[PDB]
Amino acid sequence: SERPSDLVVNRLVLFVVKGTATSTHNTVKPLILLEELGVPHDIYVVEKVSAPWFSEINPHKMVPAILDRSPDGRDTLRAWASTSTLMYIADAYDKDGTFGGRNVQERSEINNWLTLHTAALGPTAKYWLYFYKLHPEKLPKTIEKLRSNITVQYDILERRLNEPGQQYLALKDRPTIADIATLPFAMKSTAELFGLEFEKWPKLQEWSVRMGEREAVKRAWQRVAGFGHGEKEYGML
């Protein structure tokens, strides 16, 4: 119930933790979109996500999460989980549909590829990492199946990116929240973690590099790695 004294919501507040490697792969997604749209925001570094006040924001007790002001009526809004934070930021701040889609056709494909990540590659990658670290089995029977499912997901993304003129996952000519949700789970460093040779998916690799060259993506990666390592470790930066 009791919130930290330095937690005030004058604009969008993105909740993150001091982390490294896979601990930043979900938090980086909303940060990429905020950087893409030039949305004004605060970063709040959560010291304990197990604190009662944090579960009032995200009942799953994970980052990323958002507290924001109402469009008007200065009320408080919340978004939690990376996919939901992308939906919220697009709804509240992408009124042109640059990343959210400009018509029912664009939104249909964006939601197809966003949901493929939310339901398939995301949860599969999460379970693979959990069972990898746990190592409960003499023979890696569980992670074997999960890793097979990851290659099926890479095959789908590769198939899509081999279609004529299909430069991004949802739309042919620009990245959307689908591309942002997928990038951390379809880049060379993550393939290597899963024990895969990313060069086996050349169009997916090309797409990850094209996405990685965007200034907003570079800035988000730089910022997410820096959070809580600066002058101020925890609280409002």
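The numbering used is simple: start at 1 and walk along the sequence shown.
* Select between 169 to 177 and 65 to 73 the stretch whose C-alpha atoms have the higher average B-factor in the entry. => It is 65 to 73 that shows the higher mean C-alpha B-factor.
* Asked: Which is higher on average in the deposited entry, the C-alpha temperature factors of 87 to 95 or of 131 to 139?
  -> Per the PDB entry, the higher value belongs to 131 to 139.
* When you compare the CA B-factors of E206, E36, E47, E197 as listed in the entry, which one comes out on top? -> Checking the PDB record, the top C-alpha B-factor among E206, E36, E47, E197 is at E47.
* Of the residues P184, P59, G212, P30, the one carrying the largest Cα B-factor as recorded -> Answer for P184, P59, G212, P30: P59, with the highest C-alpha B-factor.
* **Position of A191 among the chain's modelled residues by C-alpha B-factor, lowest, middle or highest third** => For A191, the deposited C-alpha B-factor lands in the lowest third.
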